[PDB]
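Chemist: Can you look at this? It's an experimental structure, sequence on top.
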Amino acid sequence: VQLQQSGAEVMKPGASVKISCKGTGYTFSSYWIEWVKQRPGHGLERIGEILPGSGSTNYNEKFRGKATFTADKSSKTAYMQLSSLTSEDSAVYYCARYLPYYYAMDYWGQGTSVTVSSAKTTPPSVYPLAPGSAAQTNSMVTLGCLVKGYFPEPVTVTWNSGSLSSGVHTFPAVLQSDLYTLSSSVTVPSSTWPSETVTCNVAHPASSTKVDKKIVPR
Amino acid sequence: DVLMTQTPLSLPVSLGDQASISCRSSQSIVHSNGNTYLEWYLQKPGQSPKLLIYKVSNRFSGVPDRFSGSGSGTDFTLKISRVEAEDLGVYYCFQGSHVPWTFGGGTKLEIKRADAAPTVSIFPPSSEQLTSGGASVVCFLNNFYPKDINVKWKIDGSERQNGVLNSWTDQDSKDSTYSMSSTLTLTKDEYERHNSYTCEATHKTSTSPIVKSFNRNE
Ligand SMILES: *[C@@H]1O[C@H](CO)[C@@H](O[C@@H]2O[C@H](CO)[C@@H](O[C@@H]3O[C@H](CO)[C@@H](O)[C@H](O)[C@@H]3O)[C@H](O)[C@H]2NC(C)=O)[C@H](O)[C@H]1NC(C)=O
């Protein structure tokens, strides 16, 4: 058994998207397909369900009219169409196999990520950061390399070939205004910082950008 | 729509310590067949939910026996005898008795340990930020526990709260300690006007707020 979902999608506000969940390894037509919405913040919300065998469908009151379900028996795929996309529709959508009053949602899809925004594929704007001029130097000093003005996710910030695997704190990305931004901090001895060389490896696969810029010691 | 409530919203428990989550229903979810359809799902970070228990007590095939559920009417609980590291995540309720079927609020399960003092830091903006026509001030609060953390900026003794960026990192694994990366952005005309910029931090480990300031006039 396996449920395969479409890839990540990016759409502008007011548009519509069509996610697909393909089920293989079982009687597709005889199992309900549950659609679950998970906003990045928190919470699992059930959009509704469809039984591919028949045309029956149910919708949670919150999503009635927003989402429409369709199923294709020939190719074992079930579709959901979201209308009038907005900012709050940006979330991760899952598809699950359910049989009411019997076998529960034992199998789930990988989860499709949908982001609604009018932005474009802006490359990163990494701004390496160094300790301030007015700051004391102690035994254990933490580094910092800022990244901002990039879109869409994800950007893999790391160190030179895993130079410092431990002591790394990659904070989650955030929308400052319309673009995503993040930060990182790695703890290193002050003795080895002048000698040891470490570089924040910012990456942006969406823009096919791989830029490496180290923070020169101050 | 049967409403399901979960308490506590957070359940810090140390390794090997029994944990108990409680679930309440807006109305009795009992069914005529002699069974009440309640299921428990665990969703680790960055993964799809996994079924744990269905029909109150029945355990899904392939789950450790430490998990166990029970209840009746509008009261249900989930018990973990001995908690381990892979048991970290959010536990969701789910009623499959009355259409439509709703999810629980969710109970973020975390591990508790000895309180760790915060590691505060502050970094000024960079030159390229000056060239672009703006200012980026960042304050780092690393490895603090528990979540009893508050951040406040007192610019030249005046408290600034507008345009405050807030970023917290989920519980770690190597040390299992939280971190924050709250920052703020300013404009050059507004960045060269105020003389003193400050970033305080309120934490349980030190009742007196921790002060971290840097003067614009320098
Ligand atoms: C539709 O009607 C059938 C037949 O009346 C129901 O089947 C019966 O369901 C009960 C409750 O699940 C079963 O009892 C349970 O059986 C399991 C497995 O043996 C056992 O571990 C439990 O302790 C409990 O005794 C019963 O065996 C089963 N009988 C048959 C012949 O299937 C079915 O539940 C009804 N479905 C609905 C939605 O009402």
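Modeler: Happy to help now that I have it. Residues are numbered from 1 along each chain as shown, chains lettered A, B, ... in the order given.

Chemist: ok, now how distant is whatever residue of chain A ends up closest to the ligand from residue A:32?
Modeler: Proximity to the ligand, evaluated over chain A using Cβ to the nearest ligand atom, is greatest for residue A:101 at 3.9 Å. (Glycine included, C-beta is placed from N, CA and C.) The gap separating residue A:101 from residue A:32 is 11 Å, by Cβ to Cβ, to the nearest Å.

Chemist: before we move on, the earlier item: how about the contacts made by the residue of chain A closest to the ligand?
Modeler: Residue A:101 sits next to B:31, B:33, B:37, B:96 when contact means Cβ atoms under 8 Å, 6 or more residues apart in numbering or on different chains.

Chemist: How about the last one, nearest residue that isn't a chain neighbour?
Modeler: Pointing back at residue B:96 there. What sits nearest to residue B:96 in space, not counting adjacent residues and going by Cβ to Cβ, 6 or more residues apart in numbering or on different chains, is residue B:37, at 3.8 Å.

Chemist: Touching, the one you found and residue B:97? I think so.
Modeler: Yes - under the criterion of Cβ atoms under 8 Å, residue B:37 makes contact with residue B:97 at 4.5 Å.

Chemist: Check the contact lists of these two and give me the overlap.
Modeler: Residues touching both residue B:37 and residue B:97 (Cβ under 8 Å, 6+ apart) are B:29, B:31.

Chemist: Can you narrow the contacts of residue A:101 down to the ones near the ligand?
Modeler: Contacts with the ligand within the contacts of residue A:101, as defined by Cβ under 6 Å from any ligand atom: residue B:33.

Chemist: What subset of the contacts of residue A:101 is buried?
Modeler: B:37, B:96 (16 or more other Cβ atoms under 10 Å in any protein chain shown).

Chemist: Widest-spaced pair of the contacts of residue A:101?
Modeler: B:33 and B:96 (11.8 Å; Cβ to Cβ).

Chemist: hang on, the earlier thing: quick check, the residue of chain A closest to the ligand in a strand?
Modeler: No - checked against DSSP: H, G, I helix; E, B strand; the rest coil, residue A:101 lies outside a strand; its state is coil.

Chemist: Would you mind writing the CA trace of stretch A:31-40 as PDB?
Modeler: In PDB, the C-alpha atoms belonging to stretch A:31-40 read as follows (Å, rounded to 0.1, in the frame of the first residue of the first chain):
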ATOM      1  CA  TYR A  31     -11.600   3.100   0.400                       C
ATOM      2  CA  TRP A  32     -12.500   6.700   1.200                       C
ATOM      3  CA  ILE A  33      -9.800   9.300   0.700                       C
ATOM      4  CA  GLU A  34      -9.500  11.800   3.600                       C
ATOM      5  CA  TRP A  35      -8.000  15.200   2.800                       C
ATOM      6  CA  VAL A  36      -6.300  16.900   5.800                       C
ATOM      7  CA  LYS A  37      -5.000  20.500   6.000                       C
ATOM      8  CA  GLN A  38      -2.200  21.400   8.300                       C
ATOM      9  CA  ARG A  39      -1.300  25.100   8.500                       C
ATOM     10  CA  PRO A  40       2.400  25.800   9.300                       C
END
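
Chemist: Tally up the residues packed near residue B:22, please.
Modeler: When neighbours are counted by other Cβ atoms under 10 Å in any protein chain shown, residue B:22 registers 16.

Chemist: Which residues belonging to the host helix or strand of it are considered buried?
Modeler: Counting by DSSP states H and E, the element that carries residue B:22 is strand B:19-25. By neighbour count on 16+ other Cβ under 10 Å, the buried set for strand B:19-25 is B:19, B:21, B:22, B:23, B:24, B:25.

Chemist: cool, and stretch B:206-217?
Modeler: B:210, B:212, B:213, B:214, B:216.

Chemist: again, but for stretch A:161-179
Modeler: A:167, A:168, A:169, A:170, A:171, A:173, A:174, A:179.

Chemist: How about stretch A:57-66?
Modeler: A:57, A:58, A:59, A:60, A:63, A:66.

Chemist: Tell me who's in contact with the last one.
Modeler: Under the criterion of Cβ under 8 Å, 6+ apart, the contact list for residue A:66 reads A:82, A:83, A:84, A:89.

Chemist: Please name the nearest non-neighbouring residue to the second one.
Modeler: With Cβ to Cβ, 6+ apart as the criterion, residue A:83 has its nearest non-adjacent residue at 5.0 Å, and that residue is residue A:16.

Chemist: which residue packs closest to the residue nearest the centre of chain B, ignoring adjacent ones?
Modeler: The residue lying closest to the centre of chain B (Cα atoms, centre = their mean) is residue B:170, at 6.4 Å. Spatial nearest neighbour of residue B:170, excluding adjacent residues (Cβ to Cβ, 6+ apart): residue B:45 at 6.4 Å.

Chemist: Would you check that my belief about the one you found contacting residue B:86 is correct?
Modeler: No - Residue B:45 sits out of contact with residue B:86 when judged by Cβ under 8 Å, with a separation of 11.9 Å.

Chemist: what about residue B:150, which helix or strand?
Modeler: Going by DSSP H and E, residue B:150 is in strand B:149-155.

Chemist: Would you indicate which residues of stretch B:130-147 are buried?
Modeler: Residues B:135, B:136, B:137, B:138, B:139, B:140, B:141, B:142, B:143, B:144, B:145, B:146 are the ones in stretch B:130-147 that count as buried (16+ other Cβ under 10 Å).

Chemist: Send over the longest helix anywhere in chain B as PDB, restricted to the C-alpha atoms.
Modeler: Scanning chain B for the helix with the most residues, using DSSP state H, yields helix B:127-132. In PDB, the C-alpha atoms belonging to helix B:127-132 read as follows (Å, rounded to 0.1, in the frame of the first residue of the first chain):
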ATOM      1  CA  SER B 127      27.500  47.600   5.800                       C
ATOM      2  CA  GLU B 128      25.600  46.300   2.800                       C
ATOM      3  CA  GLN B 129      22.400  46.900   4.900                       C
ATOM      4  CA  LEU B 130      23.500  50.500   5.100                       C
ATOM      5  CA  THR B 131      24.000  50.600   1.300                       C
ATOM      6  CA  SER B 132      20.600  49.100   0.600                       C
END
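
Chemist: Is that helix positioned near chain A?
Modeler: Yes - contact of helix B:127-132 with chain A (Cβ under 8 Å from any Cβ of the partner chain) involves B:128, B:129.

Chemist: got the contact list for that helix?
Modeler: Counting by Cβ under 8 Å, 6+ apart, A:127, B:135, B:136, B:188 sit against helix B:127-132.

Chemist: Pairing partners for the helix or strand following the strand holding residue B:150, with directions?
Modeler: Beyond strand B:149-155 on the C-terminal side, the first helix or strand identified by DSSP H and E is strand B:158-160. With DSSP bridges as the test, strand B:158-160 is paired with strand B:149-155 (antiparallel).

Chemist: buried ones in the strand it pairs with?
Modeler: Result for strand B:149-155 [16+ other Cβ under 10 Å]: buried residues B:149, B:151, B:153, B:154, B:155.
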